[PDB]
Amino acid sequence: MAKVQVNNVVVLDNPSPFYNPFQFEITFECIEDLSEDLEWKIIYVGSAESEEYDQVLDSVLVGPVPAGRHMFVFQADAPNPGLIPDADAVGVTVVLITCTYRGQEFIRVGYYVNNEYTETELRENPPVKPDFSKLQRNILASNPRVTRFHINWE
């Protein structure tokens, strides 16, 4: 099978203000010594209507990875509201955590994300344009969707 296996992802400070950064505690393991970096990414689905509003919140390389089990904290700044359609701002959307080896995405961990106002005054009379300083991000961490892809591990 694949030479890298993701064991667990923990969503930290999951319910938080929209503008606060994402935090994931990622734990994976590697059957053998790895030649190159593993590239991890966090991708915010700005709009269900088109993938062209995806925002790559961040992209990290974890460098030389031995054959043990490893853990690291993936933190990324919140998406840029100026690229998000107002219609999609409030409601449910998707955030994706992906890992890539030599430019080949081999695993994708996705969560539903609900952006919602917390003051009932705003929930009942939403602003004409989404007020992101008043939105709460809720990553629905109980039920992740994990999708694996076969890549070349040579």
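Residue indices: 1-based, along the sequence shown. We call the rigid core whatever largest set of C-alpha positions still superposes within 1.5 Å between the two forms.
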Per-stretch CA RMS vs shown form in 7 other deposited structures of this protein, rigid core as reference, larger of 55-63/23-31 is 55-63
As the entry reports it, the stretch among 26-34 and 95-103 with higher mean C-alpha B factor is 26-34
As the entry reports it, the stretch among 40-48 and 116-124 with higher mean C-alpha B factor is 116-124
Residue 109: CA temperature factor from the record, placed by chain third, in the lowest
Split the chain's modelled residues into thirds by Cα B-factor; residue 144 lands in the middle
Residue 16: CA B-factor among chain residues, third -> highest
The third of the chain into which the C-alpha temperature factor of residue 57 falls is the lowest
Residue 87: CA temperature factor from the record, placed by chain third, in the middle
